[PDB]
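Analysis of the macromolecular model
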Amino acid sequence: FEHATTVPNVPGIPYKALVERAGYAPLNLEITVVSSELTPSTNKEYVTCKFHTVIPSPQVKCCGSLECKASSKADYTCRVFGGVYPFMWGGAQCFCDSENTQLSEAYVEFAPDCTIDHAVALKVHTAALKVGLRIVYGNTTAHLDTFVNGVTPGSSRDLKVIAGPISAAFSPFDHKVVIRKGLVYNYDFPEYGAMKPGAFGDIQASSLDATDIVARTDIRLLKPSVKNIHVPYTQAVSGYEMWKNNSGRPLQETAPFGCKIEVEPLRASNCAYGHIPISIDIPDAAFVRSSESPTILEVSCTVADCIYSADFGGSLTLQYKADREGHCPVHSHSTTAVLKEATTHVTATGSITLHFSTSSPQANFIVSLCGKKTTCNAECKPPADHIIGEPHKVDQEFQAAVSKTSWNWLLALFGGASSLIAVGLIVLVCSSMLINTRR
Amino acid sequence: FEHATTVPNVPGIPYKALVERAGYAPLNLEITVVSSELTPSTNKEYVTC
Amino acid sequence: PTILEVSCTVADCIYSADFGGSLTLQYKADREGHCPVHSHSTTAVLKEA
């Protein structure tokens with residue numbers, strides 16, 4: 001039976017449903033998103049990190065001239081200085097006062113420590129929500145993973161499931177994202193090759209192992225104005241370190257919907273966003289023929305002490321009579337209430353003390369027991385503790401958020417205001433017809 | 001879970017209340033003041049005889 | 001345990017400082033066990049709990 005329903009995309013929440021085929025008995029269905037692994041499609045724009053300004057050993061032509069040459073190295077820059085007459089500890093390193101030039105040279109390369117303390121820039125073209133689902137149907141159950149797309153079904157042995165499209169398309173990753181030592185930051189990094197000095201990504205390459213690194217750290221070669229040989233290099237503060245100091249907190253602690261964030265591959269885990277359209281290809285052998293299931297003769301309900309809370313703050317006792325003992329499914333036909341239990345034993349007579357959690361202050365919901373339906377209602381009170389360590393298993397249907405004791409006043413006062421809107425016209429009709437009867 | 005109630009300030013009398021822990025089955029609660037010790041703040045003024 | 005049905009029939013009783021009152025309750029329950037018993041009304045307190 002290819003049943004279908006919408007499941008709330010909240011991790012660990014046991015959503016419950018009931019399937020009512022014609023000839024087969026009612027069967028309990030419950031779903032929980034045990035995991036979500038929203039992984040975006042991504043590619044490496046560039047790696048970036050601290051750079052080891054290498055200022056290579058300078059070159060000299062003691063009596064002649066020199067000229068720089070082009071090079072592929074990152075931010076490679078050169079100047080030829082005249083009249084340098086440089087010295088080393090041995091003494092003067094050249095034999096001409098004039099006619100002597102210094103070829104200073106500078107370039108940048110990834111520091112040896114970039115093997116680990118480095119960042120990688122990634123784009124997130126799109127993200128597909130792959131949710132691991134725990135599914136239980138009748139007494140049997142299976143654990144499987146599915147993609148919330150509505151195109152590719154997730155099948156676990158005989159049980160096949162199709163999920164999606166997600167109710168609300170969502171992703172925590174901004175179009176640009178940067179990864180650093182397992183942390184994730186949504187910094188709007190500049191495009192490949194678009195390096196700017198001192199900002200993030202001032203040096204970039206496709207890989208730390210690459211030999212085509214490029215950079216633009218505004219490195220400047222000053223005029224050697226000292227007796228000993230020197231290459232006075234002045235450059236912008238290392239952009240990677242500057243960003244590291246001002247990155248703000250990582251998305252890993254600020255992503256919406258409480259999503260945990262993990263690398264390898266980049267993904268958002270346990271996001272609690274929207275709802276997941278679910279359809280299940282339940283194998284027929286899971287059901288039993290209606291007459292095979294115990295069936296009630298008479299049922300009644302009593303609910304007491306209930307409290308609207310994320311906890312199962314409600315308690316109710318259902319009284320029943322049934323054709324025979326056995327196991328029965330139980331469910332709530334009102335989504336404003338959900339039961340803790342799901343299946344119970346039953347007897348020719350007796351009662352089941354069920355547990356439930358509800359948001360509406362009135363426990364006004366139709367409980368279904370073994371295919372029968374019985375109304376239950378009672379005043380539920382606000383919890384004594386304003387905070388609970390558990391997510392709510394229900395959402396406030398505004399139609400029931402107003403208590404009967406409060407909805408009472410709405411449905412009372414909205415009526416009376418209209419009470420005379422027609423009476424004036426009725427009096428007009430009466431007087432006019434009296435005139436037409438006497439005129 | 002916490003509960004609160006007023007209690008008659010009478011020694012030896014076992015006061016009794018019922019805690020209605022929502023979905024948990026209620027629990028009896030007898031509050032019994034074994035003794036009271038109203039201690040005034042005091043300072044010695046002087047000894048005399 | 002929890003009780004499906006219950007009713008109160010008070011025996012002869014005396015309003016006094018002591019437990020001069022006695023009452024009885026018929027009950028129907030789902031199973032055996034120690035249920036709590038208490039008086040929600042402030043003007044009366046049960047000896048048993």
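Now for a quick tour of the structure.

Another point: unusual backbone geometry. Trans is the prevailing form of peptide bonds, just as negative phi is the prevailing case for residues other than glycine. All names here are of chain A. Here the amide bond leading from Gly164 into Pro165 is cis, since omega sits at -5°, within 30 degrees of zero. The residue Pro165 is located in the loop between β13 (159-163) and β14 (176-180) in this model. Following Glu264, the chain continues into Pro265 via a peptide bond in cis, with omega recorded as -5°. Checked against the element boundaries, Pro265 lands in the loop between β20 (260-262) and β21 (267-269). Phi is positive for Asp75, which is not a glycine, with a value near 50°. Inspection of the secondary structure puts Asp75 in the loop between β4 (59-61) and β5 (77-82). Judged by relative accessible area, which is 13%, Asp75 ranks as buried. Phi angles above zero are rare outside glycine, and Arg157 is one such case at about 55°. Note on placement: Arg157 falls in the loop between β12 (154-156) and β13. A residue is classified by how much of its surface remains accessible, and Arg157, at 82% relative accessible area, is exposed.

In this section: the sheet that holds strand β1 (residues 2-8) of chain A. Residues and elements named next belong to chain A. Across the sheet, which stays open at both edges, the four strands sit in the order β1-β22-β13-β12 with antiparallel pairing between neighbours. Where the open sheet ends on each side, the last strands, each with one partner, are β1 and β12. Strand after strand, the sheet turns through a mean of 25° between neighbouring axes, direction not considered. In terms of strand pairing, β12 meets β13 through three bridges, oriented antiparallel. Paired with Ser156 across the bridge in β13 is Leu159.

Let us now look at the pattern of salt bridges. All names here are of chain A. For the structure shown, the criterion picks out 13 salt bridges over all chains. Residues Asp284 and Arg21 are paired through a salt bridge, measuring 2.4 Å at the closest nitrogen-oxygen approach. Taken as a pair, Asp284 in the loop between β22 (275-281) and β23 (296-304) and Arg21 in the loop between β2 (15-19) and β3 (27-49) lie far apart in primary sequence, 263 residues in all. By relative accessible area, which is 33% here, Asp284 ends up partly exposed.

Listed by partner, the interface residues are eight residues for chain C and eight residues for chain B. Of all residues in chain C, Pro36(C), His38(C) and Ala49(C) give up the largest surface area on contact with chain B, accounting jointly for 67% of the area buried on that side. Viewed at the interface, chain B and chain C are joined by zero salt bridges. Linking chain C to chain B there are four residue pairs in polar contact. Broken down by class, the residue content of the side of chain C that touches chain B amounts to four nonpolar, two polar and two charged.

The rules behind the values
- Residues numbered from 1 in each chain as written, not as in the entry; some residues may be left out.
- Chains lettered and ligands numbered in written order.
- Part of a larger assembly, values for the part shown.
- Heavy atoms only, no water.
- Helix = DSSP H or I, 4+ residues; strand = E, 2+ residues; numbered from the N terminus.
- Buried < 20%, exposed > 50% of the residue type's maximum accessible area, 1.4 Å probe, protein only.
- Pairing = 2+ DSSP bridges.
- Axes fitted to C-alpha atoms, helices over the stretch in contact; angles between N-to-C directions.
- Salt bridge = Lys/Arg side-chain N within 4 Å of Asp/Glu carboxyl O.
- Contact = heavy atoms within 4.5 Å.
- Buried area = accessible area lost by both parts, 1.4 Å probe.
- Polar contact = N/O pair within 3.5 Å; in protein donor to acceptor, adjacent residues only side chain to side chain.
- Nonpolar A, V, L, I, M, F, W, Y, C, P; charged D, E, K, R; others polar.

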